[PDB]
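To start, the structure itself, in structure tokens.
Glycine gets a Cβ as well: all are built from the backbone with ideal geometry, and neighbour counts include every protein chain shown. Derivation of every value follows stated rules applied to the coordinates shown; laboratory data play no part.
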């Protein structure tokens, strides 16, 4: 179940190892447009929050 | 270059390099005028000596 668009939810994620190769193995995606960073170099950075 | 896609990266550094390029161009542009001023002072100093 996902939250409705009028009252959505947050989920604070911290203190792990983030791998984004598991993201592409879900479905044929409608879009993957990204603004600040690149999808290919996502697995070579460390994030504050 | 650790975070951007190779299609957008040369556009971004294209918009980044030319600012410092014109900065160095303006630096040498004032340097030529300053060198001309001290040259005009140095010819007067040589005439006085």
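Listed values, structure above:
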{"quantity": "Per-bin percent of Cα-Cα distances, chain A [10 Å]", "calculated": "17, 39, 42, 2"}
{"quantity": "For chain B: Kirkwood Rh in Å [reciprocal of mean 1/r, alpha carbons]", "calculated": "14.0 Å"}
{"quantity": "Computed P(r) (all Cα pairs; the protein assembly as shown; 5 Å bins; percent)", "calculated": "2, 8, 9, 10, 13, 10, 7, 6, 5, 5, 5, 4, 4, 3, 3, 2, 1, 0, 0"}
{"quantity": "Fewest-first sequence of B:5, A:44 by Cβ atoms within 10 Å of each Cβ", "calculated": "A:44, B:5"}
{"quantity": "Using alpha-carbon coordinates, inclination of helix B:6-48 to the longest axis of chain B, degrees", "calculated": "0 degrees"}
